[PDB]
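[1] Structure for this input, please:
(2 chains)
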Amino acid sequence: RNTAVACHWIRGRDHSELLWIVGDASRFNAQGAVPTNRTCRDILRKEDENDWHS
DNA sequence: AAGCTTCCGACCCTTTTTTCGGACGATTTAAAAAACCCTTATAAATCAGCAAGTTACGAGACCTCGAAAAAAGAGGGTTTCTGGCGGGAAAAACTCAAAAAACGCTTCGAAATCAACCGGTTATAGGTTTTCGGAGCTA
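    Numbering: from 1, shown residues only, chains lettered A, B, ... in the order given. And now the structure:
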C-alpha cells in the first residue's frame, strides 16, 4: 500500500508521456506530477460560498 | 588595431571545521559548624502480664489516564473457476419423389383353430469368471 512508482516514456524530440503507475495512484496526478506540499489545514474554504444563484 | 577567448585578481555570500572561551560538573582542600569528652548525686527510666482502649500499616476496591495489542478495515495483487456468447460440424427433422408393396375386388375349398394334458425344446435372464484397454509412470 506504500508502493508508489511512476514510469515516464520519453518519446524523443519534444514529447514525453506517463506509461503506468504501480501502487497508490493518489500520490500522482493524471499527468504523473507529484504534489509539492500537503496540509490538513482548511485551505479552499468551500463552506463560505454556495450555489443558490437565485 | 580590434575582437574574441582565456586566465587572473578582487569581491561577495554562505556553510563547515577549528579554536577559544565560558559555564557547569566533579573533585580536592581548607575553614566553619555541629558535635564529643570530662568532670555528677539525684531524678527519672527500666520491666516483670495482663486488662482496656486506639490506630499505622495493609488490603480491597475503583477510577483515571495513557499506552499496547489485537482486531478490523482497506488496498494491492494474482490465480482460477464459471458463465455467456460465438462459431463449426453432425444429426435429424423437413421437403421433395419413386418404386415398389400392400390392399381390394374376392374367393369355395383348404388350413387354423382352440380346447387339456403328457413329454420334450431351447432362448435367455441371470449370474460367474475372465482378456482387453487404459491408469498413466518413468527417462
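[2] How much space separates residue A:36 from DNA strand B?
    21 Å (C-beta to the nearest atom of the strand, to the nearest Å). Every residue, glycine included, has its C-beta placed from N, CA and C.
[3] Sorry, wrong one. I was asking about residue A:20.
    9 Å.
[4] For that residue, what are phi and psi?
    phi -160, psi 160 (degrees, to the nearest 10).
[5] Now the residue nearest the centre of chain A: closest residue in space, sequence neighbours ignored.
    The centroid of chain A falls nearest to residue A:29 when counting by C-alpha atoms, centre = their mean (2.3 Å). The shortest distance from residue A:29 to any residue other than its chain neighbours is 7.9 Å, reached at residue A:35 (C-beta to C-beta, 6 or more residues apart in numbering).
[6] neighbours around the one you found, how many?
    Neighbour count of residue A:35, defined by other C-beta atoms under 10 Å: 9.
[7] cool, residue A:20 as well?
    A count of nearby residues for residue A:20, using other C-beta under 10 Å, gives 11.
[8] now residue A:39
    Using other C-beta under 10 Å: residue A:39 sits among 6 other residues.
[9] same question, residue A:4
    Neighbours of residue A:4 (other C-beta under 10 Å): 14.
[10] likewise residue A:32?
    15.
[11] contacting residues for the closest residue to it other than its chain neighbours?
    Closest residue in space to residue A:32, ignoring its immediate chain neighbours: residue A:18 at 3.8 Å, by C-beta to C-beta, 6+ apart. The contact partners of residue A:18, by C-beta atoms under 8 Å, 6 or more residues apart in numbering, come to A:6, A:7, A:8, A:9, A:30, A:31, A:32.
[12] switch the cut-off to 10 Å
    A:6, A:7, A:8, A:9, A:28, A:29, A:30, A:31, A:32, A:33 (C-beta atoms under 10 Å, 6 or more residues apart in numbering).
[13] Widest-spaced pair of those residues?
    Using C-beta to C-beta, the contacts of residue A:18 reach their maximum pairwise distance at A:9 and A:29, which is 17.1 Å.
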